[PDB]
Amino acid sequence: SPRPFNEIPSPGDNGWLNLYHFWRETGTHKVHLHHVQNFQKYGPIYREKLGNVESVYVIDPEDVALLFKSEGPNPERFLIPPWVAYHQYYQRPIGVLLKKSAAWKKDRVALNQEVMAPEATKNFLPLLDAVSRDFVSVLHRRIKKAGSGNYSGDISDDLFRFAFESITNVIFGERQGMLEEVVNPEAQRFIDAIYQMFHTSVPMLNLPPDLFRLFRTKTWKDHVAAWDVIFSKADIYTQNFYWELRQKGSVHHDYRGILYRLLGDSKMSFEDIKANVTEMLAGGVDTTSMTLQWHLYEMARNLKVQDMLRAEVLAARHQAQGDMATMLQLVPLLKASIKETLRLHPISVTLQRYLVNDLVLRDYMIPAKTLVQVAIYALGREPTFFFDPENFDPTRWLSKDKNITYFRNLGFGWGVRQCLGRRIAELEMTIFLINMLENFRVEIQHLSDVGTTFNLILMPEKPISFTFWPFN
């Protein structure tokens, strides 16, 4: 029979002492490197209590497979305690992210019909393509202004604005104008608050809420203010749309966006719809933008791969005779390159599931209700699970050797509670990259290795300044 839980290797049983050593040796912002180091110390499985929360950490795709196979109908991941506390104390209506069991399932099913299903997502293409085409126009404009036949700059802020325009366009069916020269300052304030919400989450992460206010008073206050901006503005957007819908009529044969559909025909109350709009808006700005920045970075770092991807896109646009829907079926190397970007640069350091039943992993008995985390960042850099892991190689995902990709594509999670925005995200990034590849060559002057920082979501440790050349 399997060894008991307590035999799983760990730094020890004192959550507070472990937390002390984590902060002193590695730091709150390098949690991803903490995992890498831990697997080097303990082997392919370990357990670690940080503060009051203990998790079993796993890296092997084979163990990942067992975990997700034993998943129940209503999976639970780790809830971020300052987010929970904010919603509870300020009585903020919660969406799919913070719900569980039947209440979660009910929202998820209604939302899948409108954001995941092919019948719905086929409508996103022109809405997303329009925003990407505008982004290209922004860069061409900056090139002309430069007078140099190129443009060099850190475009992270522009990527955030791009991600915002994209998510709002598919939700509201309306352009917010964030790619214009003169921007809406209140919409900019919304974008900034999302980042601030993530950033301020970090100093509170491994603490019960009773300790937040005692030791992180300023951070908690800043965090509360960030969420308040998120909610006040998402509320206004939704409420304005609700009333404008009644002012204009609800007789439309053309596609009007996700919100129109939900308000017009779903099992969701207005309360649930509005809560989920807020979460979709906030979940879609920092995610696709940082991911796309990493993709551009990997293309500049590997010019041969960039050439291959551009050639694939040009051939796809030609064969499809310009049709975007048809193109998206002829660009498998680009799609693989998105998987490759997420393997090296996951947004989420880990995936987590609480066990519903006892489960054996690595001949250790892991009891029901144990939090299990898959160290997705560590997995992506691990040379025993990926050949030459530091190398950006999209063809990796095209192997007929199904062993090479077995439970490796984890950047959007797995199963029924995988990323709700996955289809929006994939479509947005694929279309963005098609437009960029057709229009520009991407380089980085004085290229150097850019590391990663943990700001709740993973992000580049330092700015990346790109150089764009108009492609002929």
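Numbers follow the displayed sequence, beginning with 1.
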ask   = Comparing 173-181 with 376-384, which has the greater mean CA B-factor as deposited?
value = 173-181
request  = Give the stretch, out of 291-299 and 234-242, with the larger mean C-alpha temperature factor in the deposited entry.
outcome  = 234-242
query = Among 264, 81, 284, 153, which carries the highest Cα B-factor?
reply = 264
remark   = From the entry's CA B-factor values, the highest among 164, 195, 190, 212 is 212
query = What third of its chain's C-alpha B-factors does residue 404 belong to: lowest, middle or highest?
reply = highest
query = Against its chain's modelled residues, does residue 350's Cα B factor rank lowest, middle or highest third?
reply = lowest
ask   = Based on the entry's values, in what third of the chain does the Cα temperature factor of residue 37 lie: lowest, middle or highest?
value = middle
remark   = residue 421: CA temperature factor from the record, placed by chain third, in the lowest
task = Determine, from the deposited record, the chain-internal third of the Cα B-factor for residue 71: lowest, middle or highest.
result = highest
